[PDB]
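One chain comes next, on its own, written out as structure tokens in the form solved without its partner chain.
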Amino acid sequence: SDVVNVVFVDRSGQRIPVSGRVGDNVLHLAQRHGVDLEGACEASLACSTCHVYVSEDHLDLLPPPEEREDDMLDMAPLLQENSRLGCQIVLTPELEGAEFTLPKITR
């Protein structure tokens, strides 16, 4: 299959299951499904508005962050060990069941 199921957890705590596809950008997918994850810099590693928390079980299956991602995340409110920039995440079968939680506050 090319299907990759994920769940967005919105800022109110509502879980929003989404049937994505391999190769989908997590930011763009969220926006297609009415999830208020905004990407101020249009996926150019120059903001942190796309900040999400990734389920711990899937965090180590993602590409290691670029130094610019670390720089942007360091500026983000409510940073966690499992924080990533959503625009840097592309769906693969390894992210089946991954949960992307929107932080309460954005920069």
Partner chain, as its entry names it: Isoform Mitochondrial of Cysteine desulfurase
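Residue numbers count along the first chain shown, from 1.
Just so it is clear, the following notes concern the form deposited with its partner chain bound, a form of the same protein that is not shown.
(request) Using the partner position in the entry with it bound, report whether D36 sits within 4.5 Å of its partner chain, counting heavy atoms only. (result) It does not: once its partner chain is placed as it appears in the entry with it bound, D36 has no heavy atom within 4.5 Å of it.
(message) Is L79 part of the interface with its partner chain in the entry with it bound - any heavy atom within 4.5 Å?
(response) Yes, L79 sits close enough to its partner chain in the entry with it bound that at least one of its heavy atoms falls within 4.5 Å.
(request) Report yes if any heavy atom of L73 sits within 4.5 Å of a heavy atom of its partner chain in the entry with it bound; otherwise report no. (result) Yes - in the entry with it bound, heavy atoms of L73 and its partner chain come within 4.5 Å of each other.
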